[PDB]
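Comments concern the structure below.
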Amino acid sequence: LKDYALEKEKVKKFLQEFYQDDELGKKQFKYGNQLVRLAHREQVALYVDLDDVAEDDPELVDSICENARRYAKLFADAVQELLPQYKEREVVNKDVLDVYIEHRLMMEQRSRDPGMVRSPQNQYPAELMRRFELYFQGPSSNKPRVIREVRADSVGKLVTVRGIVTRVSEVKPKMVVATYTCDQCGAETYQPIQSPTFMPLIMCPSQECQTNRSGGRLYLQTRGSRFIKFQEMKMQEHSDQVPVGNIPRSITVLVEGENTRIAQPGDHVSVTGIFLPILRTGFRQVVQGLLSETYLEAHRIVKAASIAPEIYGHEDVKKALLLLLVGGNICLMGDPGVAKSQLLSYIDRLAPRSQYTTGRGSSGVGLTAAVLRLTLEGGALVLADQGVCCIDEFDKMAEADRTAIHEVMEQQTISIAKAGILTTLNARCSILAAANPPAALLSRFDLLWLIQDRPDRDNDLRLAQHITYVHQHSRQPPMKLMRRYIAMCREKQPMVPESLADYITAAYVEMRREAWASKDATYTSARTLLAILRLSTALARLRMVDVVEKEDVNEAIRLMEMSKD
Amino acid sequence: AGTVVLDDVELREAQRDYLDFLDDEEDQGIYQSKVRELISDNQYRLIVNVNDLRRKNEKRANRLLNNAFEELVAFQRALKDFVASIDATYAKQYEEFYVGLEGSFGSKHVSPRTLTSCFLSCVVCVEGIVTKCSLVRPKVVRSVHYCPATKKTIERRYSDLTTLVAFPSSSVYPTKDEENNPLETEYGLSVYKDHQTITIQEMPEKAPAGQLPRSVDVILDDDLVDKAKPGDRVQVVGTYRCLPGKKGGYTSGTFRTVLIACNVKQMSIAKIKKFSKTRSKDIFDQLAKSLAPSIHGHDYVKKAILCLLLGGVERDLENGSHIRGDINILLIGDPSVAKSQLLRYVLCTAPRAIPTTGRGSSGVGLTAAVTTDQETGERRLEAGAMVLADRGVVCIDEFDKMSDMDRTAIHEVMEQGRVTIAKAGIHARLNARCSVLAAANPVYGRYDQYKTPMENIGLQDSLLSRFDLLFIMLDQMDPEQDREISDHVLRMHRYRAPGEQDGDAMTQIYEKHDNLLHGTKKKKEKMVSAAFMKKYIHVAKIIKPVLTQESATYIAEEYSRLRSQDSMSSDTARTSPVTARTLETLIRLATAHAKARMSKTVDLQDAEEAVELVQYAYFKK
Amino acid sequence: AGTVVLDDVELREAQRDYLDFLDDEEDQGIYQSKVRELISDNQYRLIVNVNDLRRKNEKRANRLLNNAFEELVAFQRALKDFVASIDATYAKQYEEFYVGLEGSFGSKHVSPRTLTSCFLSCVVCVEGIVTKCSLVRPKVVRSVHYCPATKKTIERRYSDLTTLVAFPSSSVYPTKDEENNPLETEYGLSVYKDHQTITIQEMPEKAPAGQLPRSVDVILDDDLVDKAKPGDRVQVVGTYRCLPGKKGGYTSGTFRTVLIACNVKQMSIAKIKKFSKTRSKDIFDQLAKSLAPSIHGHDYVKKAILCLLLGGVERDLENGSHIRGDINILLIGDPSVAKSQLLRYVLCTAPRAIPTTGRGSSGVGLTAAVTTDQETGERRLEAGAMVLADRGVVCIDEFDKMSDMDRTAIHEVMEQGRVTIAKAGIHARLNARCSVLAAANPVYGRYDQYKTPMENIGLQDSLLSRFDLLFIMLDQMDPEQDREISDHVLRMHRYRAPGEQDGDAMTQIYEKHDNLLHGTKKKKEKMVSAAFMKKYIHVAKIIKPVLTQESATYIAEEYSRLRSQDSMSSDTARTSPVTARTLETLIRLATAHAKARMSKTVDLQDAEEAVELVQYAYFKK
DNA sequence: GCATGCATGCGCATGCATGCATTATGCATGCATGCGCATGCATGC
DNA sequence: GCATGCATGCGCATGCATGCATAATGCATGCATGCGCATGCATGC
Ligand SMILES: Nc1ncnc2c1ncn2[C@@H]1O[C@H](COP(=O)(O)OP(=O)(O)O)[C@@H](O)[C@H]1O
Ligand SMILES: Nc1ncnc2c1ncn2[C@@H]1O[C@H](COP(=O)(O)OP(=O)(O)O)[C@@H](O)[C@H]1O
Ligand SMILES: Nc1ncnc2c1ncn2[C@@H]1O[C@H](COP(=O)(O)OP(=O)(O)O)[C@@H](O)[C@H]1O
Ligand SMILES: [Mg+2]
Ligand SMILES: [Mg+2]
Ligand SMILES: [Mg+2]
Ligand SMILES: [Zn+2]
């Protein structure tokens, strides 16, 4: 064991030392600038990398890994001691909490002489005056672990995990230190909290009440108290790491002030945390002794082009898929044996926000939302808000699910009115559907693609060659960039000029006239014109042009013609 | 407590006896290599055969079975001594090691229904199924605290179940110094061990008909935490003890009995190389021929079943795409063509085999379900038949009686091999990679020859495309074929097991020739033994072949030839449509044949065999 | 209790400091040889100078004086470490060793009257007299028991005063087995340590006049059991602590304070060989001359006092007969002849000297007494002045005022040297070998010259025969003798101690010459230093001379000559009768002179000196 | 030497600080299961 | 495809074994010392 004073001094010198890294290509005092910002209310939390510390001392890193909480507290105290040195000016604008801190420090200077004896209980709690939080970043050398294998050997260690989010709690304030005022004195009493539950005090420990033996009684205050942001997270294993025949395991995470509001249900996250237990008191058990429940305390959470190049053919369908991803509802009907499911899988993997449903497995409560112990939790349609949703084997779905899907496509909101639930849910998502061989699809959807397997010898032979190549060389014959391109594209919004309207109008009229000439035609309406306008706007957005052009309209017309034929 | 013991004849003698038991110097014992293996694998417990101990020292075995705790303590002390002797450095890591038990306990082999107070404080063996499991929880053993006021650290030791009875003086968590200075707990320096509780029920197959079941409660310590799961058939060997109730004045006199586990069991080269290298094609030839002597003929179905046993190759790519590697078969035939016998044989031979008939299991019991746990309010997943049979076999008898929705549910398993589950509050993707056997009767009771197979089968094209192979079996009443069948059946009927007296009531690579089971003519050939067959099947399943450039163009050209012959086949009808899945089926069967003969690459002969199978199955007269 | 301590800066640093204190490698320290002496003598405690510790390490001394128990524990641990280091074999015998303290404590030097609560928990030094003592009693430390029913032996450890506070769980004697089988105590295998309690009172000489005394209670452990006795002046160094009262509900708030002793003290070659061998006769010549410069003349009395200091030889024979070896003297003289000065000087110089005047002590307080102890009802013996002065000196001033019965009592001591005591229930023979000085005034105030000495002395012949020597001193008023006396007295009066300023208020073998204390004429001779004189006297008292054949016949013939001259001495009277004791006196004085000059045998010159002394003392003009 | 004085000595009562002996009953909590309700799935015709 | 049946499913009440919380007073014993008694020692005259 080593004395904490020496390591505290080492921490202080490490914070004062580093000059190395700068983004603009120079040598910049990073931690000094961070501390100067911390001096005032220009930064309310600080993150420390354990890769930068590894340059000078690895034993510090190991001791931090095995005894993380103590080192977190030591770091907090060291930074708090360093703060007065770097301070250069008073606060330009301050809020209520700063007003208490300043007033308390001012009267502490007013009253306390340097020589008088002060009881250990007479000091201010450290965390009450402090207003900055310290968190750690996991070592790059350290390998992320699996939820299944963290056990009693890992209690108290520093770990890094990767998982899928399933449950998130709404933000609520959590008590840190409670403040009490006596009934017959001007003194203030502070009660730190480090337990799930606590018992409020009654009598006043202040010196004046003790000397007079007045028996004054304490009262809580909320303004003087310190509160923090608190969230609760549920994570599960990836399907890849589950052993044979088992079921994914779950873990619970707790989230602090600035880390709050980072993750959403359904996201894949990487969490740097400390593995700590909770002493459990409750119903009696078989085995005597001290049992506990484990949980994780987080300190950092981190979340034309070729589309599905493995699948041969369907180039126009791929262009339509690109347009749907870029944005301004697509349905595919095909014979069995044509890979429609794999296109939907690729779409789900590519999209940032996406969901993929297979049929009756996610039917009913899997869609819409339900009430659970009370909080309302949404289904796939709710999760895919402002994303893209994918549905396979559409015709096999129950009628209620199809009605809900139609409502989402047309109205873009869901309405639920049943015993215990009365809500309207926002679902601004575009739908891609797959099915096997109706007027509803033609009337409601925007674009339908019919894939018929005509046994042409040349096409079949080329498909066979491509499949053999894929199976043998495990690569197509000769996503991050695509995601970045789509993100940059969606930033702009082109506009339709006044003149082109006439041209568009003419086209529409002529199209309808042809549809009226061909009595075998089925649907033309203003919805088709709206779809054409949306496709042209999407193409103009792809060109990053401010004004809609002729080529976009021609390509949209050609795509609609190809789909209809 | 300052009380100490100076002499104890029984304990010292028992320790000496175990020391002599585990020496293995002047004997053919193996425990030395077992200890070396434990040191190599960083594990900290040993399993010792009870029958071996009884053979070497019967008195010690009798005492251990009759009295458990003290003898087990002596065992653990002897293990500590010998681990220190062989390598004292490794013994520093762990406090104390543990002993497992194994062998035929005899009279103490006891069912959960027959556990009684007569077996208390002894070591018992029990066979059952697991019904309830609990979350893993840590328990404190050694606690460490630090005092910022005085810069002093202290440590407290805990021992609760080490001693039979505990007192309020122990199990007290320290929080304050001698001068009331606060202490700060330091979780890194403390010591914890895992703890779990499970429940075991007598298997419904063994329980008397019409009677309610009986169950036992088991505690799993730090090592055996993850060794059990609900819905599992296990055998547990351990002590049977009473449970001390907490302090009180008046007691009713009824204790709680809990079984403390010590062993948990999941009940279940030159020859191979020479045989494979010498035989090559004859490997699969004999394996197909010697699949099941009890079944007469049907070489194609035997070949297909062997292809299921060997299987294809699972492949993955950069984009996360998944390509199926399993095979699926559907048999349709007239009654009494021994389809169910084939299914039962595949159940017996395959490692992970589950039978699920048509209406025996519904769509929920096939894949999985979600249930709300009343104890906590959370959502939990319960696995179905197909999820349990990961990388295994599911047999479906009377496949035609299955409802449409169940088949739509099975689509997800048959296409991609995964199951997607979702209900508000939880959603998951479970792995269900599996292979399916199915047997379905014709719609008209007996297969009509004149009508095309589409009318007789009565199944949609999508479901047919889901299956890799379709086979049709008929009972042709040829007098010579009937004579052969009668000969075979009566030869099997007249046979009696060797070593059993007549009239009573009730490993070589190649099986020994039998006068009746094989016949005089078959002396020129032999059949492969079942055990070697299983070993070879496992080895072949391990092997990973690769496709060659010679056969890819050949297979592609033949696929194009079939899709063009679609117009040429005018004299006969087609059983199944030809889609993109047919090419994958060709490659899969080629790889299965390449697995049959141990090699490194897929050759042309495997492609030819696959194509022969496809041509036979896909068209009928 | 499983609680343990991992780090403690203060205790570890203090142990390191004591380790460096007791190294004595790069220093002139002696403690290594002290430890070797302890190992040689089988003793198990050490005495360390406090001033030495303060010189080497002042902070440790300050902490030890201010805080005792923890620092003493650290000392004992360091002793165990170094005893193990030097010789680990010897450290096995004893559990833990102990530390004594010595040196000038300074402010903490405290009288029993000035002990206060301010010195609690510190190490204090106290000077006092012993008044009450108790019987030695054993105390159990480690207990061992055996069970004939199960043939098992157990051991229990006890620690009562090792810990500050004890609880009912400890200090319980085991009597039954876990199955109620009786246990048999085996006293041989157990461990016991002795225990005693004494009481100390402030000495009456130091207490303020007219005030009642105050006392302290002391506990003596196993080593210091027999180191104290009642009626003894001692100095005790030890801890001053409170006494924990036994359990109760309501407490008055007054503790009992008891001093726990750690040290108990009874307050008190080439040169010698060369001086003796060179001087021979000059040894006793100078010793007689340099006996006391403060006293003028009287060479015969100085010779006699020197003979007392050296003494005779005690002899024993086969039949158990005892022969006296002590000498006794009586001085009678006119007032102001400095008899009391001689008595006081003999008190100062002699090792065991006790003054007992005529009526100051009675016959009971001289020899001994028997008292009935009210606590037990038994009979106990209390020693008197003469029993305490075994092999010592008793000085009796104003011997004439002593009553007759006291002198009859002193007869037993003077003749045989033993005291016989008897009262129904007890009888004993105590040893009282001793020598007596006595000074008595003449009956007529001033010695009458014309009357015979028998009238002036007024003592019976038996008592005179009891004494070895009689001397008569007179104040003759010769002008030159008076001038010499005045010179000597005023020279002594004008003298002042060197190093003391005038007008202020209030080792070499031969003493340095002084201008006034010796004089200019005496430069040709020197006087012997007091310390060397005491050392030589002790060495001479050790030496055991033997009588030669040359002098025995000579002494016998001279004794016969004296007993015949009894008729020849017509011009002078006889002071003392001549009996058989005179011959023993001759031999005794001869042996004393032979002791004066270190040799092996008694020679003729010693006999001649003895006879000169006898002739001078026994007759007067 | 005999007559008298008298400091020492012993046994049983009370007063006062510490110390010793005694000792079941009533109320609260979690596990098991009935009873009313709405959703939802499956099965006919 | 629409009308009906219905095995599954959920939330709040009571009943019953274990388990939890409470909580000074009166009587006995050894140490200190007074008061009556007989023996015995020492001191005069
Ligand atoms: N154009 C294509 N290119 C490559 N592979 C294809 C193509 N069409 C079909 N496949 C293969 O055929 C299989 C089709 O199965 P699936 O997509 O599940 O059919 P469906 O989606 O109609 O149920 C896929 O595994 C895929 O590998
Ligand atoms: N090829 C065959 N070889 C041996 N026995 C056969 C054969 N075909 C039929 N059998 C006999 O006929 C019976 C058929 O029963 P089963 O397998 O239940 O027929 P299915 O499954 O067609 O209803 C079996 O008991 C079997 O002994
Ligand atoms: N021979 C001597 N030498 C020195 N001083 C003497 C001598 N004789 C007598 N004195 C003095 O005379 C005093 C006699 O007092 P002290 O000894 O009490 O006489 P005594 O003992 O005879 O009554 C002493 O103080 C001493 O100083
Ligand atoms: Mg599909
Ligand atoms: Mg059958
Ligand atoms: Mg005198
Ligand atoms: Zn107050």
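The way I read the labels, and the way they are meant: chains A, B, ... in the order of the structure tokens, residue 1 as the first residue of every chain, and ligand 1 as the first ligand shown, with later ones counted on from there.
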*Shell around residue 358 of chain A at 10 Å using only C-alpha atoms (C1' of nucleotides), local window under 5 positions removed, as a PyMOL selection string*: (chain A and resi 341+363+390-394+396-397+434) or (chain B and resi 409+411-412+419-421)
Would you mind exporting N, CA and C atoms of the selected residues as a PDB file, in the first residue's frame?
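Final file, part-v1.pdb:
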ATOM      1  N   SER A 341     -35.873 -10.047 -48.856  1.00  0.00           N
ATOM      2  CA  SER A 341     -35.556  -9.881 -47.443  1.00  0.00           C
ATOM      3  C   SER A 341     -34.165  -9.297 -47.244  1.00  0.00           C
ATOM      4  N   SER A 363     -45.894  -8.873 -33.790  1.00  0.00           N
ATOM      5  CA  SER A 363     -47.254  -8.394 -33.982  1.00  0.00           C
ATOM      6  C   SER A 363     -47.845  -7.879 -32.673  1.00  0.00           C
ATOM      7  N   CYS A 390     -38.669  -1.195 -41.737  1.00  0.00           N
ATOM      8  CA  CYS A 390     -38.653  -2.281 -42.707  1.00  0.00           C
ATOM      9  C   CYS A 390     -39.541  -3.418 -42.222  1.00  0.00           C
ATOM     10  N   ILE A 391     -40.446  -3.872 -43.090  1.00  0.00           N
ATOM     11  CA  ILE A 391     -41.412  -4.910 -42.751  1.00  0.00           C
ATOM     12  C   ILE A 391     -41.369  -6.001 -43.812  1.00  0.00           C
ATOM     13  N   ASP A 392     -41.232  -7.246 -43.367  1.00  0.00           N
ATOM     14  CA  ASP A 392     -41.133  -8.412 -44.229  1.00  0.00           C
ATOM     15  C   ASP A 392     -42.397  -9.258 -44.126  1.00  0.00           C
ATOM     16  N   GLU A 393     -42.762  -9.879 -45.247  1.00  0.00           N
ATOM     17  CA  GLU A 393     -43.990 -10.669 -45.355  1.00  0.00           C
ATOM     18  C   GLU A 393     -45.199  -9.846 -44.920  1.00  0.00           C
ATOM     19  N   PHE A 394     -45.453  -8.774 -45.671  1.00  0.00           N
ATOM     20  CA  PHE A 394     -46.469  -7.806 -45.275  1.00  0.00           C
ATOM     21  C   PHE A 394     -47.870  -8.404 -45.331  1.00  0.00           C
ATOM     22  N   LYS A 396     -48.939 -11.307 -44.706  1.00  0.00           N
ATOM     23  CA  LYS A 396     -49.274 -12.277 -43.668  1.00  0.00           C
ATOM     24  C   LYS A 396     -49.630 -11.604 -42.349  1.00  0.00           C
ATOM     25  N   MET A 397     -49.469 -10.286 -42.259  1.00  0.00           N
ATOM     26  CA  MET A 397     -49.737  -9.582 -41.013  1.00  0.00           C
ATOM     27  C   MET A 397     -51.228  -9.586 -40.704  1.00  0.00           C
ATOM     28  N   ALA A 434     -42.170  -5.633 -47.861  1.00  0.00           N
ATOM     29  CA  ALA A 434     -41.951  -6.751 -48.771  1.00  0.00           C
ATOM     30  C   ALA A 434     -43.133  -7.709 -48.708  1.00  0.00           C
TER      31      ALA A 434
ATOM     32  N   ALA B 409     -44.480 -19.199 -39.268  1.00  0.00           N
ATOM     33  CA  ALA B 409     -43.496 -18.968 -38.215  1.00  0.00           C
ATOM     34  C   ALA B 409     -42.193 -19.711 -38.485  1.00  0.00           C
ATOM     35  N   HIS B 411     -40.977 -20.358 -41.282  1.00  0.00           N
ATOM     36  CA  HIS B 411     -40.281 -19.677 -42.375  1.00  0.00           C
ATOM     37  C   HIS B 411     -39.054 -18.912 -41.893  1.00  0.00           C
ATOM     38  N   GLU B 412     -39.177 -18.183 -40.783  1.00  0.00           N
ATOM     39  CA  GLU B 412     -38.057 -17.379 -40.304  1.00  0.00           C
ATOM     40  C   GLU B 412     -36.856 -18.252 -39.966  1.00  0.00           C
ATOM     41  N   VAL B 419     -34.635 -15.838 -35.050  1.00  0.00           N
ATOM     42  CA  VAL B 419     -35.982 -15.533 -34.587  1.00  0.00           C
ATOM     43  C   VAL B 419     -35.988 -14.133 -33.993  1.00  0.00           C
ATOM     44  N   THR B 420     -36.852 -13.269 -34.515  1.00  0.00           N
ATOM     45  CA  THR B 420     -36.992 -11.909 -34.011  1.00  0.00           C
ATOM     46  C   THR B 420     -38.208 -11.846 -33.103  1.00  0.00           C
ATOM     47  N   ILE B 421     -38.017 -11.316 -31.898  1.00  0.00           N
ATOM     48  CA  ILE B 421     -39.052 -11.287 -30.875  1.00  0.00           C
ATOM     49  C   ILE B 421     -39.152  -9.861 -30.358  1.00  0.00           C
TER      50      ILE B 421
END
*Within 12 Å of chain C, which residues of chain D show up when using only C-alpha atoms (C1' of nucleotides), listed as an MDAnalysis selection string?*
chainID D and resid 8:11 17:20
Let's have the selection written as a PDB file, in the first residue's frame, with C-alpha atoms (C1' of nucleotides).
ATOM      1  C1'  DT D   8      -0.987  -4.306  74.466  1.00  0.00           C
ATOM      2  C1'  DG D   9      -4.232  -7.603  73.078  1.00  0.00           C
ATOM      3  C1'  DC D  10      -8.520 -10.168  71.745  1.00  0.00           C
ATOM      4  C1'  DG D  11     -13.669 -11.345  70.193  1.00  0.00           C
ATOM      5  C1'  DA D  17     -20.326   1.124  49.904  1.00  0.00           C
ATOM      6  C1'  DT D  18     -20.143  -2.312  46.078  1.00  0.00           C
ATOM      7  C1'  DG D  19     -21.775  -6.298  44.328  1.00  0.00           C
ATOM      8  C1'  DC D  20     -25.307 -10.109  43.010  1.00  0.00           C
TER       9       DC D  20
END
_Spatial neighbours of segment 591-602 of chain C, 6 Å, only C-alpha atoms (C1' of nucleotides), chain gap at least 5 places, as a VMD selection string_ = chain C and resid 280 284 307 310 to 312 540 545 to 548
*May I have the residues of chain A within 12 Å of chain C, counting only C-alpha atoms, written as an MDAnalysis selection string?*
chainID A and resid 1:3
Could the residues of chain E within 10 Å of chain B, counting only C-alpha atoms (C1' of nucleotides), be given as a tab-separated table (two decimals) with C-alpha atoms (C1' of nucleotides), in the first residue's frame, please?
chain	number	residue	atom	x	y	z
E	9	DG	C1'	-53.40	-13.32	-18.37
E	10	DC	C1'	-53.40	-9.58	-14.81
E	17	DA	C1'	-46.86	-19.43	9.77
E	18	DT	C1'	-42.41	-17.27	11.19
E	19	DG	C1'	-40.22	-13.44	12.65
E	20	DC	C1'	-39.36	-8.90	15.36
Neighbours of ligand 2 at 7 Å or closer, counting only C-alpha atoms (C1' of nucleotides) and all ligand atoms: which residues, as a PDB file with N, CA, C and O atoms, in the first residue's frame?
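Wrote it out as pocket_24.pdb, contents follow:
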ATOM      1  N   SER B 294     -32.011 -52.138 -39.981  1.00  0.00           N
ATOM      2  CA  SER B 294     -33.407 -52.418 -39.664  1.00  0.00           C
ATOM      3  C   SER B 294     -34.373 -51.908 -40.726  1.00  0.00           C
ATOM      4  O   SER B 294     -35.554 -52.265 -40.684  1.00  0.00           O
ATOM      5  N   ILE B 295     -33.907 -51.091 -41.664  1.00  0.00           N
ATOM      6  CA  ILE B 295     -34.743 -50.505 -42.703  1.00  0.00           C
ATOM      7  C   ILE B 295     -34.251 -51.020 -44.047  1.00  0.00           C
ATOM      8  O   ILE B 295     -33.043 -51.025 -44.310  1.00  0.00           O
ATOM      9  N   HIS B 296     -35.182 -51.451 -44.892  1.00  0.00           N
ATOM     10  CA  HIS B 296     -34.861 -52.123 -46.144  1.00  0.00           C
ATOM     11  C   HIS B 296     -34.909 -51.131 -47.301  1.00  0.00           C
ATOM     12  O   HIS B 296     -35.910 -50.431 -47.485  1.00  0.00           O
ATOM     13  N   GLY B 297     -33.823 -51.074 -48.076  1.00  0.00           N
ATOM     14  CA  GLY B 297     -33.802 -50.284 -49.294  1.00  0.00           C
ATOM     15  C   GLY B 297     -33.775 -48.783 -49.048  1.00  0.00           C
ATOM     16  O   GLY B 297     -33.272 -48.295 -48.031  1.00  0.00           O
ATOM     17  N   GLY B 333     -45.234 -40.357 -48.603  1.00  0.00           N
ATOM     18  CA  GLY B 333     -45.343 -41.740 -49.025  1.00  0.00           C
ATOM     19  C   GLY B 333     -46.611 -42.390 -48.530  1.00  0.00           C
ATOM     20  O   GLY B 333     -47.349 -41.822 -47.720  1.00  0.00           O
ATOM     21  N   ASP B 334     -46.863 -43.597 -49.028  1.00  0.00           N
ATOM     22  CA  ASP B 334     -47.991 -44.424 -48.626  1.00  0.00           C
ATOM     23  C   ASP B 334     -47.764 -44.936 -47.208  1.00  0.00           C
ATOM     24  O   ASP B 334     -46.631 -44.896 -46.714  1.00  0.00           O
ATOM     25  N   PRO B 335     -48.804 -45.393 -46.511  1.00  0.00           N
ATOM     26  CA  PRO B 335     -48.600 -45.928 -45.160  1.00  0.00           C
ATOM     27  C   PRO B 335     -47.736 -47.178 -45.164  1.00  0.00           C
ATOM     28  O   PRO B 335     -47.706 -47.943 -46.132  1.00  0.00           O
ATOM     29  N   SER B 336     -47.018 -47.365 -44.055  1.00  0.00           N
ATOM     30  CA  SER B 336     -46.136 -48.512 -43.842  1.00  0.00           C
ATOM     31  C   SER B 336     -45.001 -48.539 -44.868  1.00  0.00           C
ATOM     32  O   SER B 336     -44.821 -49.499 -45.618  1.00  0.00           O
ATOM     33  N   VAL B 337     -44.232 -47.451 -44.888  1.00  0.00           N
ATOM     34  CA  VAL B 337     -43.038 -47.363 -45.721  1.00  0.00           C
ATOM     35  C   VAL B 337     -41.896 -46.978 -44.782  1.00  0.00           C
ATOM     36  O   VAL B 337     -40.777 -46.672 -45.210  1.00  0.00           O
ATOM     37  N   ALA B 338     -42.178 -47.026 -43.479  1.00  0.00           N
ATOM     38  CA  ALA B 338     -41.204 -46.833 -42.408  1.00  0.00           C
ATOM     39  C   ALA B 338     -40.617 -45.429 -42.374  1.00  0.00           C
ATOM     40  O   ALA B 338     -39.413 -45.268 -42.160  1.00  0.00           O
ATOM     41  N   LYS B 339     -41.440 -44.400 -42.578  1.00  0.00           N
ATOM     42  CA  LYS B 339     -40.963 -43.030 -42.421  1.00  0.00           C
ATOM     43  C   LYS B 339     -40.679 -42.719 -40.955  1.00  0.00           C
ATOM     44  O   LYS B 339     -39.641 -42.133 -40.613  1.00  0.00           O
ATOM     45  N   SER B 340     -41.596 -43.116 -40.070  1.00  0.00           N
ATOM     46  CA  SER B 340     -41.422 -42.859 -38.647  1.00  0.00           C
ATOM     47  C   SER B 340     -40.242 -43.634 -38.074  1.00  0.00           C
ATOM     48  O   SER B 340     -39.583 -43.150 -37.149  1.00  0.00           O
ATOM     49  N   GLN B 341     -39.953 -44.825 -38.605  1.00  0.00           N
ATOM     50  CA  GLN B 341     -38.743 -45.533 -38.195  1.00  0.00           C
ATOM     51  C   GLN B 341     -37.496 -44.729 -38.539  1.00  0.00           C
ATOM     52  O   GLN B 341     -36.560 -44.640 -37.734  1.00  0.00           O
ATOM     53  N   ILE B 485     -38.912 -58.393 -48.724  1.00  0.00           N
ATOM     54  CA  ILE B 485     -39.344 -57.685 -47.524  1.00  0.00           C
ATOM     55  C   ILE B 485     -39.727 -58.672 -46.430  1.00  0.00           C
ATOM     56  O   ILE B 485     -39.370 -58.493 -45.260  1.00  0.00           O
ATOM     57  N   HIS B 488     -36.564 -60.242 -44.947  1.00  0.00           N
ATOM     58  CA  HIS B 488     -35.868 -59.324 -44.050  1.00  0.00           C
ATOM     59  C   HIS B 488     -36.611 -59.178 -42.726  1.00  0.00           C
ATOM     60  O   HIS B 488     -36.008 -59.251 -41.645  1.00  0.00           O
ATOM     61  N   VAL B 489     -37.932 -58.992 -42.792  1.00  0.00           N
ATOM     62  CA  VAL B 489     -38.720 -58.768 -41.584  1.00  0.00           C
ATOM     63  C   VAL B 489     -38.674 -59.990 -40.677  1.00  0.00           C
ATOM     64  O   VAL B 489     -38.493 -59.869 -39.460  1.00  0.00           O
TER      65      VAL B 489
END
*DSSP strand (DSSP E or B) residues within segment 97-211 of chain B, listed as number ranges by chain*: B: 98-102, 109, 123-133, 137-147, 152-157, 176, 182, 184-185, 191-201
*10 Å contacts from chain A to chain D using only C-alpha atoms (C1' of nucleotides), as a list in words*: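 That gives residues 283, 284, 364, 418, 419 and 420 of chain A for chain A.
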C-alpha atoms of the current selection, written as a PDB file, in the first residue's frame:
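Once everything was written out, this is again00.pdb:
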ATOM      1  CA  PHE A 283     -37.041 -10.673   2.435  1.00  0.00           C
ATOM      2  CA  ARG A 284     -35.246 -13.458   4.277  1.00  0.00           C
ATOM      3  CA  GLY A 364     -49.551  -6.471 -31.666  1.00  0.00           C
ATOM      4  CA  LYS A 418     -57.999   1.341 -24.949  1.00  0.00           C
ATOM      5  CA  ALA A 419     -58.499   0.525 -21.285  1.00  0.00           C
ATOM      6  CA  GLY A 420     -55.581   2.222 -19.548  1.00  0.00           C
TER       7      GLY A 420
END
